[PDB]
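Below is data-v6.cif, holding mmCIF, C-alpha atoms and all ligand atoms.
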```
data_start
#
loop_
_atom_site.label_atom_id
_atom_site.label_comp_id
_atom_site.auth_asym_id
_atom_site.auth_seq_id
_atom_site.Cartn_x
_atom_site.Cartn_y
_atom_site.Cartn_z
CA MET C 1 -12.68 -12.75 16.54
CA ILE C 2 -11.56 -9.14 16.98
CA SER C 3 -10.50 -8.36 20.57
CA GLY C 4 -11.00 -4.63 20.14
CA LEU C 5 -9.26 -1.55 18.73
CA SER C 6 -5.53 -1.97 18.17
CA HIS C 7 -4.52 1.54 17.20
CA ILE C 8 -5.11 4.38 14.74
CA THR C 9 -2.29 5.70 12.58
CA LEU C 10 -2.48 9.18 11.11
CA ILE C 11 -0.10 10.63 8.55
CA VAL C 12 1.09 14.23 8.92
CA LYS C 13 3.46 16.58 7.06
CA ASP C 14 4.96 18.16 10.19
CA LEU C 15 5.39 15.73 13.09
CA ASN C 16 6.42 18.17 15.85
CA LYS C 17 3.69 20.60 14.88
CA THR C 18 1.04 17.85 15.10
CA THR C 19 2.45 16.55 18.41
CA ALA C 20 1.75 19.81 20.26
CA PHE C 21 -1.74 19.80 18.78
CA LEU C 22 -2.41 16.39 20.38
CA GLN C 23 -0.82 17.14 23.74
CA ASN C 24 -2.55 20.51 24.10
CA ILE C 25 -6.08 19.48 23.12
CA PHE C 26 -6.25 15.79 24.03
CA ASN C 27 -3.76 15.74 26.92
CA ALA C 28 -2.06 13.10 24.75
CA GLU C 29 0.58 11.08 26.59
CA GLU C 30 3.56 10.56 24.30
CA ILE C 31 4.90 7.08 25.02
CA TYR C 32 7.23 6.52 22.12
CA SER C 33 9.36 8.57 19.73
CA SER C 34 11.38 7.15 16.86
CA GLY C 35 13.98 9.69 17.94
CA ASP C 36 14.39 7.59 21.11
CA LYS C 37 16.96 5.75 18.99
CA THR C 38 19.06 5.71 15.81
CA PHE C 39 17.97 4.05 12.54
CA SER C 40 14.18 4.24 12.40
CA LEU C 41 12.23 3.45 9.23
CA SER C 42 10.42 6.73 9.64
CA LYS C 43 9.89 9.68 11.91
CA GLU C 44 7.01 8.83 14.23
CA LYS C 45 5.45 9.05 17.67
CA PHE C 46 2.95 7.00 19.69
CA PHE C 47 0.53 8.49 22.21
CA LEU C 48 -2.14 7.32 24.63
CA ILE C 49 -5.34 9.31 24.41
CA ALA C 50 -7.92 8.11 26.92
CA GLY C 51 -6.89 4.51 26.50
CA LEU C 52 -6.56 4.68 22.73
CA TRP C 53 -3.17 4.03 21.13
CA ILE C 54 -2.65 6.82 18.54
CA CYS C 55 0.26 6.74 16.10
CA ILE C 56 1.59 9.71 14.14
CA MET C 57 3.94 9.27 11.17
CA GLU C 58 5.53 11.96 9.02
CA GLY C 59 4.92 11.76 5.29
CA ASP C 60 3.89 13.75 2.22
CA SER C 61 0.57 11.96 1.72
CA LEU C 62 -2.37 14.32 2.24
CA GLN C 63 -5.98 13.23 2.51
CA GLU C 64 -8.77 15.41 1.11
CA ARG C 65 -11.25 16.69 3.68
CA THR C 66 -14.14 14.28 4.18
CA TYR C 67 -16.76 13.45 6.77
CA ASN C 68 -14.77 10.42 7.83
CA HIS C 69 -13.92 11.14 11.46
CA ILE C 70 -12.77 9.85 14.83
CA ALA C 71 -14.81 10.84 17.86
CA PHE C 72 -13.81 11.07 21.49
CA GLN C 73 -16.12 11.06 24.48
CA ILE C 74 -16.58 14.13 26.67
CA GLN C 75 -19.20 15.34 29.10
CA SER C 76 -21.80 18.03 28.46
CA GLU C 77 -20.35 20.27 31.15
CA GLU C 78 -17.02 20.29 29.28
CA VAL C 79 -18.38 21.30 25.90
CA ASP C 80 -17.76 25.00 26.41
CA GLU C 81 -14.29 24.43 27.87
CA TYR C 82 -13.05 22.36 24.96
CA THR C 83 -14.54 24.94 22.59
CA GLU C 84 -12.47 27.54 24.42
CA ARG C 85 -9.29 25.41 24.29
CA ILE C 86 -9.74 24.72 20.58
CA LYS C 87 -10.53 28.36 19.82
CA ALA C 88 -7.50 29.47 21.86
CA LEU C 89 -5.21 27.57 19.50
CA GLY C 90 -6.82 29.01 16.39
CA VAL C 91 -7.67 25.60 14.95
CA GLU C 92 -10.55 25.55 12.47
CA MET C 93 -13.93 24.48 13.94
CA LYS C 94 -16.94 23.40 11.85
CA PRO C 95 -20.32 24.98 12.71
CA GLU C 96 -22.97 23.26 14.84
CA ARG C 97 -24.31 20.24 12.97
CA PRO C 98 -28.13 19.63 12.84
CA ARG C 99 -29.27 17.43 15.76
CA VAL C 100 -32.36 15.39 16.68
CA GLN C 101 -33.44 16.37 20.23
CA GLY C 102 -31.76 13.52 22.08
CA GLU C 103 -28.48 13.73 20.20
CA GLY C 104 -25.82 15.24 22.45
CA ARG C 105 -23.77 18.31 21.54
CA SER C 106 -20.61 17.86 19.43
CA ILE C 107 -17.49 19.86 18.51
CA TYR C 108 -15.91 19.21 15.11
CA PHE C 109 -12.51 20.49 14.03
CA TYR C 110 -9.39 19.63 12.02
CA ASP C 111 -5.74 19.10 12.81
CA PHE C 112 -3.21 20.48 10.33
CA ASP C 113 -3.55 17.60 7.90
CA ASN C 114 -7.26 17.42 7.05
CA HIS C 115 -8.05 14.97 9.85
CA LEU C 116 -11.62 15.55 11.04
CA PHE C 117 -11.91 15.17 14.81
CA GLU C 118 -14.84 15.35 17.16
CA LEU C 119 -15.48 15.67 20.85
CA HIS C 120 -18.90 14.09 21.40
CA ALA C 121 -21.07 14.64 24.46
CA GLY C 122 -24.13 12.45 24.89
CA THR C 123 -24.05 8.69 24.38
CA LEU C 124 -24.97 5.89 21.97
CA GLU C 125 -27.82 4.71 24.19
CA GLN C 126 -29.64 8.06 24.03
CA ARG C 127 -29.28 7.61 20.25
CA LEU C 128 -31.07 4.24 20.23
CA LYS C 129 -33.91 4.70 22.75
CA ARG C 130 -35.77 6.14 19.73
CA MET N 1 -11.35 15.20 30.15
CA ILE N 2 -11.62 12.76 27.25
CA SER N 3 -13.30 9.66 28.74
CA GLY N 4 -12.31 7.57 25.77
CA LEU N 5 -13.31 6.74 22.21
CA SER N 6 -16.93 7.53 21.33
CA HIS N 7 -17.00 6.19 17.78
CA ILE N 8 -15.50 6.15 14.28
CA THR N 9 -17.53 7.27 11.25
CA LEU N 10 -16.70 6.11 7.73
CA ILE N 11 -18.16 7.34 4.46
CA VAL N 12 -18.94 4.80 1.74
CA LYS N 13 -20.53 4.71 -1.70
CA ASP N 14 -22.49 1.49 -1.15
CA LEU N 15 -24.00 1.00 2.30
CA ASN N 16 -25.16 -2.58 1.69
CA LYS N 17 -21.79 -3.65 0.25
CA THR N 18 -19.77 -2.30 3.15
CA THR N 19 -22.15 -3.92 5.63
CA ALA N 20 -21.67 -7.44 4.29
CA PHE N 21 -17.94 -6.67 4.45
CA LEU N 22 -18.08 -5.61 8.11
CA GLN N 23 -20.18 -8.67 8.99
CA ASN N 24 -18.17 -11.21 6.96
CA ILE N 25 -14.85 -10.12 8.48
CA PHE N 26 -15.25 -8.20 11.70
CA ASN N 27 -18.46 -10.00 12.58
CA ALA N 28 -19.82 -6.48 12.84
CA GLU N 29 -23.17 -6.34 14.57
CA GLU N 30 -25.77 -3.95 13.14
CA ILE N 31 -27.61 -2.14 15.92
CA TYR N 32 -29.15 0.82 14.11
CA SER N 33 -30.29 1.92 10.68
CA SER N 34 -31.88 5.05 9.27
CA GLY N 35 -31.58 7.60 6.50
CA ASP N 36 -34.53 7.92 4.16
CA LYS N 37 -33.62 8.86 0.58
CA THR N 38 -37.22 9.82 -0.18
CA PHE N 39 -37.14 12.23 2.77
CA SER N 40 -33.72 13.47 1.56
CA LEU N 41 -31.45 12.04 4.25
CA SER N 42 -28.39 9.97 3.40
CA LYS N 43 -28.55 6.48 4.90
CA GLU N 44 -26.48 5.44 7.91
CA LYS N 45 -25.95 2.41 10.09
CA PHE N 46 -24.33 1.76 13.46
CA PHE N 47 -22.45 -1.46 14.15
CA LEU N 48 -20.65 -2.68 17.26
CA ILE N 49 -17.28 -4.31 16.64
CA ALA N 50 -15.48 -5.71 19.66
CA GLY N 51 -17.35 -3.24 21.83
CA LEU N 52 -16.55 -0.27 19.61
CA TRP N 53 -19.31 1.90 18.16
CA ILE N 54 -18.81 2.16 14.39
CA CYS N 55 -20.92 4.45 12.23
CA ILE N 56 -21.15 3.94 8.45
CA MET N 57 -22.64 6.71 6.34
CA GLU N 58 -23.29 6.83 2.60
CA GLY N 59 -21.42 9.38 0.51
CA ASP N 60 -18.31 9.72 -1.67
CA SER N 61 -15.36 7.34 -1.32
CA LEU N 62 -11.82 8.49 -0.47
CA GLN N 63 -10.52 9.84 -3.79
CA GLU N 64 -7.05 8.59 -2.97
CA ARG N 65 -5.35 5.81 -1.08
CA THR N 66 -3.18 7.06 1.78
CA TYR N 67 -1.51 5.28 4.70
CA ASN N 68 -3.87 6.58 7.39
CA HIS N 69 -5.56 3.58 8.95
CA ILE N 70 -7.61 1.94 11.68
CA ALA N 71 -6.26 -1.25 13.20
CA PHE N 72 -8.04 -3.98 15.15
CA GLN N 73 -6.48 -6.53 17.48
CA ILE N 74 -6.51 -10.30 16.94
CA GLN N 75 -4.35 -13.16 18.24
CA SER N 76 -1.26 -14.04 16.19
CA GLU N 77 -2.66 -17.56 15.86
CA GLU N 78 -5.63 -16.31 13.82
CA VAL N 79 -3.41 -14.38 11.42
CA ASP N 80 -3.50 -17.05 8.70
CA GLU N 81 -7.25 -17.43 9.34
CA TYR N 82 -8.04 -13.77 8.78
CA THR N 83 -5.55 -13.58 5.91
CA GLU N 84 -7.57 -16.15 4.01
CA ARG N 85 -10.93 -14.79 5.17
CA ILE N 86 -9.87 -11.48 3.66
CA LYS N 87 -8.63 -12.98 0.37
CA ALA N 88 -12.14 -14.46 0.10
CA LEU N 89 -13.74 -11.00 -0.10
CA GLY N 90 -11.50 -10.24 -3.06
CA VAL N 91 -10.52 -6.89 -1.54
CA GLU N 92 -7.18 -5.24 -2.38
CA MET N 93 -4.80 -6.65 0.23
CA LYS N 94 -1.27 -5.21 0.30
CA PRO N 95 1.06 -8.20 0.86
CA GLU N 103 5.86 -7.80 18.53
CA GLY N 104 3.54 -9.43 16.00
CA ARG N 105 2.17 -9.89 12.50
CA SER N 106 -0.38 -7.66 10.77
CA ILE N 107 -2.66 -7.56 7.72
CA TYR N 108 -3.25 -4.39 5.71
CA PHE N 109 -6.18 -4.23 3.29
CA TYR N 110 -8.69 -1.79 1.81
CA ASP N 111 -12.47 -1.86 1.53
CA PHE N 112 -14.45 -0.53 -1.48
CA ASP N 113 -13.99 3.10 -0.51
CA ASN N 114 -10.20 3.29 -0.22
CA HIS N 115 -10.08 3.02 3.55
CA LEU N 116 -6.94 1.33 4.83
CA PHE N 117 -7.55 -1.29 7.46
CA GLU N 118 -5.31 -3.55 9.48
CA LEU N 119 -5.64 -6.55 11.75
CA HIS N 120 -2.82 -6.62 14.24
CA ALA N 121 -1.41 -9.47 16.29
CA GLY N 122 0.50 -8.45 19.40
CA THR N 123 -0.19 -5.60 21.79
CA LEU N 124 1.20 -2.20 22.75
CA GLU N 125 2.64 -3.63 25.97
CA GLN N 126 4.61 -5.93 23.69
CA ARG N 127 5.45 -3.54 20.85
CA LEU N 128 7.30 -1.33 23.35
CA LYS N 129 8.37 -3.28 26.44
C1 LIG W 1 2.54 -2.64 12.22
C2 LIG W 1 1.91 -1.31 12.75
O1 LIG W 1 0.55 -1.21 12.29
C3 LIG W 1 2.78 -0.10 12.25
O2 LIG W 1 2.90 -0.01 10.82
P1 LIG W 1 2.17 1.48 12.84
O3 LIG W 1 0.81 1.87 12.16
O4 LIG W 1 1.99 1.41 14.41
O5 LIG W 1 3.17 2.47 12.52
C1 LIG W 2 -23.67 13.01 16.46
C2 LIG W 2 -22.72 12.04 15.66
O1 LIG W 2 -21.41 12.66 15.54
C3 LIG W 2 -23.35 11.73 14.25
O2 LIG W 2 -23.53 12.93 13.50
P1 LIG W 2 -22.34 10.63 13.28
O3 LIG W 2 -20.92 11.27 12.99
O4 LIG W 2 -22.15 9.29 14.04
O5 LIG W 2 -23.02 10.41 12.03
MN MN W 3 -0.69 0.17 11.94
MN MN W 4 -19.75 11.55 14.81
#
```
What's the structure tokens form of this structure?
Ligand SMILES: C[C@H](O)[C@@H](O)P(=O)(O)O
Ligand SMILES: C[C@H](O)[C@@H](O)P(=O)(O)O
Ligand SMILES: [Mn+2]
Ligand SMILES: [Mn+2]
Amino acid sequence: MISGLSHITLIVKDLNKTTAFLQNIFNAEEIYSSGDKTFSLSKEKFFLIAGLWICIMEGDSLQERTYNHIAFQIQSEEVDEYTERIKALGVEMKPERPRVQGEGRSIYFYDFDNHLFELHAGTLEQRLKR
Amino acid sequence: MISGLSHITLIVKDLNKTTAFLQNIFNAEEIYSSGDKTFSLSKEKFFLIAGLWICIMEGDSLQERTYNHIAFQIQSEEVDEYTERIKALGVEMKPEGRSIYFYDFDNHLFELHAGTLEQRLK
């Protein structure tokens, strides 16, 4: 039986450039760098983002943009703020997606490697009470 | 600030196929279903897997296999168990702790990992 989420590993062309993206927007706490030593299979870093263990590895593989996405939890009062923080870094933001009166607000946007991210307000419960 | 993970949404070509997959391996628990083709709305489902909200939507599969992945935690004693359970689904399975990498029918790379972060580092 699965205990829970282990981690999520993303692949990026420019490690350092992606790192700042994570620390600025998600207040990501870097906890490990392959540079923290000599002889590492690959250039990579591990971060803690609200509990979640996120891993970033450098590589040439590029994924085509799709609706597959990871979504983090935020509050409704912080929607504007995050939209300001994202905008202030010039990262691309998708337009408001069609809701269903009872579906909280969301912010969609990419990193530099076609990774669709989302900051979701509103909960799962409010999405089931239907 | 970010309270934590809200959910992960995956796109798949066959909703029913992926479901059986999630149930047979992750013991995924369906908790919601909608999406009416007749009313022009792609189908979707919501499962809970080890407390995590997972949304599956129907659409195109990943055109290419990359190394981006989602990993779930298990005990290192169930490694052999899950290895075989996975071989039983016939899915493409690429041969701190042990892990198991394998794809679904939409080119998503998954992994079951034994051992924790506390370990991995410290
Ligand atoms: C065994 C682990 O899954 C590693 O390959 P990581 O994805 O943390 O780089
Ligand atoms: C409001 C949610 O982000 C939905 O649109 P989902 O991505 O779970 O389909
Ligand atoms: Mn991994
Ligand atoms: Mn979503």
Please return as a VMD selection string the residues found within 12 Å of ligand LIG 2 (chain W), counting only C-alpha atoms and all ligand atoms.
(chain C and resid 66 to 73 96 to 109 116 to 124 126 to 128) or (chain N and resid 6 to 11 32 to 35 41 to 47 53 to 59)
Would you put the residues from that selection into a file with C-alpha atoms, as a compact mmCIF listing (two decimals), keeping the file's coordinate frame?
```
# COMPACT_ATOMS: atom_id res chain seq x y z
CA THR C 66 -14.14 14.28 4.18
CA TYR C 67 -16.76 13.45 6.77
CA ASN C 68 -14.77 10.42 7.83
CA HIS C 69 -13.92 11.14 11.46
CA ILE C 70 -12.77 9.85 14.83
CA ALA C 71 -14.81 10.84 17.86
CA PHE C 72 -13.81 11.07 21.49
CA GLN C 73 -16.12 11.06 24.48
CA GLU C 96 -22.97 23.26 14.84
CA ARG C 97 -24.31 20.24 12.97
CA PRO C 98 -28.13 19.63 12.84
CA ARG C 99 -29.27 17.43 15.76
CA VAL C 100 -32.36 15.39 16.68
CA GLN C 101 -33.44 16.37 20.23
CA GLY C 102 -31.76 13.52 22.08
CA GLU C 103 -28.48 13.73 20.20
CA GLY C 104 -25.82 15.24 22.45
CA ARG C 105 -23.77 18.31 21.54
CA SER C 106 -20.61 17.86 19.43
CA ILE C 107 -17.49 19.86 18.51
CA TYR C 108 -15.91 19.21 15.11
CA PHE C 109 -12.51 20.49 14.03
CA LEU C 116 -11.62 15.55 11.04
CA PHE C 117 -11.91 15.17 14.81
CA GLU C 118 -14.84 15.35 17.16
CA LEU C 119 -15.48 15.67 20.85
CA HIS C 120 -18.90 14.09 21.40
CA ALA C 121 -21.07 14.64 24.46
CA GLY C 122 -24.13 12.45 24.89
CA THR C 123 -24.05 8.69 24.38
CA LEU C 124 -24.97 5.89 21.97
CA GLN C 126 -29.64 8.06 24.03
CA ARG C 127 -29.28 7.61 20.25
CA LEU C 128 -31.07 4.24 20.23
CA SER N 6 -16.93 7.53 21.33
CA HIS N 7 -17.00 6.19 17.78
CA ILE N 8 -15.50 6.15 14.28
CA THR N 9 -17.53 7.27 11.25
CA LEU N 10 -16.70 6.11 7.73
CA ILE N 11 -18.16 7.34 4.46
CA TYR N 32 -29.15 0.82 14.11
CA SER N 33 -30.29 1.92 10.68
CA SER N 34 -31.88 5.05 9.27
CA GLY N 35 -31.58 7.60 6.50
CA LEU N 41 -31.45 12.04 4.25
CA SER N 42 -28.39 9.97 3.40
CA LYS N 43 -28.55 6.48 4.90
CA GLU N 44 -26.48 5.44 7.91
CA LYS N 45 -25.95 2.41 10.09
CA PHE N 46 -24.33 1.76 13.46
CA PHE N 47 -22.45 -1.46 14.15
CA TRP N 53 -19.31 1.90 18.16
CA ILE N 54 -18.81 2.16 14.39
CA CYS N 55 -20.92 4.45 12.23
CA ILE N 56 -21.15 3.94 8.45
CA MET N 57 -22.64 6.71 6.34
CA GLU N 58 -23.29 6.83 2.60
CA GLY N 59 -21.42 9.38 0.51
```
At a cut-off of 9 Å around ligand LIG 1 (chain W), and using only C-alpha atoms and all ligand atoms, what residues come up? Please write them as a PyMOL selection string.
(chain C and resi 6-10+42+44-46+53-57) or (chain N and resi 67-71+103-108+118-121+127)
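Atom to atom, CA of residue 22 (chain C) and CA of residue 86 (chain C) stand 11.1 Å apart.
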Residue contacts of residue 51 (chain C) (9 Å, only C-alpha atoms) excluding same-chain residues fewer than 2 positions away, as number ranges by chain
C: 48-49, 53; N: 3-5
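Counting all atoms listed in the file, the residue from C:30, C:47, C:63, C:37 that sits nearest to residue 65 (chain N) is C:63.
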Can you tell me, as a count of residues only, which residues sit within 10 Å of (-24.7, 2.7, -2.8) in the file's frame, using all atoms listed in the file?
11
Å distance separating CA of residue 20 (chain N) from CA of residue 52 (chain C), one decimal place
26.7 Å
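Taking all atoms listed in the file into account, chain C lies nearest to N:63 out of the set N:83, N:24, N:63, N:76.
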Polymer residues at most 9 Å from residue 49 (chain N), all atoms listed in the file, same-chain spacing of 2 or more positions, as a PyMOL selection string:
(chain C and resi 2-5) or (chain N and resi 22+26-29+47+51-54)
Nearest to chain C among N:84, N:30, N:36, N:78, with distances taken over all atoms listed in the file: which residue is it?
N:78
Fewer than 2 positions away in the same chain doesn't count, so skip those; otherwise give me all residues within 8 Å of residue 112 (chain N), counting only C-alpha atoms, as a short mmCIF file (atom, residue, chain, number, x, y, z; two decimals) with C-alpha atoms, in the frame of the given file.
```cif
data_model
loop_
_atom_site.label_atom_id
_atom_site.label_comp_id
_atom_site.auth_asym_id
_atom_site.auth_seq_id
_atom_site.Cartn_x
_atom_site.Cartn_y
_atom_site.Cartn_z
CA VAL N 12 -18.94 4.80 1.74
CA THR N 18 -19.77 -2.30 3.15
CA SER N 61 -15.36 7.34 -1.32
CA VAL N 91 -10.52 -6.89 -1.54
CA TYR N 110 -8.69 -1.79 1.81
CA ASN N 114 -10.20 3.29 -0.22
CA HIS N 115 -10.08 3.02 3.55
#
```
Please, what distance in Å, to one decimal, runs between CA of residue 93 (chain C) and CA of residue 40 (chain N)?
25.8 Å
Among listed residues N:117, N:38, N:85, N:31, nearest ligand MN 3 (chain W) (using all atoms listed in the file):
N:117
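The closest residue to chain N, picked from C:61, C:33, C:23, C:40 and counting only C-alpha atoms, is C:61.
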